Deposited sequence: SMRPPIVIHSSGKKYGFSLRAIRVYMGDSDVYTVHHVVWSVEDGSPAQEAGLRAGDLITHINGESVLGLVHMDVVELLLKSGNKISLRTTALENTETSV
């Protein structure tokens, strides 16, 4: 899949969470960066970034396993253009 290339001089217009993904009952995890929301009319929305996307790469650099604020910093220091590689399973959540 090609990277999403966003053109912003402002915020990109999305939010993300760092999810601590555990594999068992020990305090051991791989940090995963997941887009939680995208703002209407924003550069991120326009480019096709979607809530639920796992961001694997920022400007060609693997970000899987980096802590939240390291990824926030990469986003803050990027320019008007950013390239995001992402992957998603279901295109919606399920309400229960």
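Numbered from the first deposited residue, the unresolved ranges run 1-2, 11.
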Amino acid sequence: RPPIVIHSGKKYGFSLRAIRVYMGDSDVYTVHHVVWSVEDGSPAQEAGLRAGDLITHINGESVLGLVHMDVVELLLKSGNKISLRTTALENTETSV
From here on, numbers count along this sequence of modelled residues.
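Comparing 49-57 with 35-43, the higher mean C-alpha B-factor in the PDB entry belongs to 35-43. When the two stretches 67-75 and 22-30 are set side by side, the higher mean Cα temperature factor goes to 22-30.
Ranking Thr86, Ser83, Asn80, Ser15 by the C-alpha B-factor listed in the PDB entry places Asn80 at the top.
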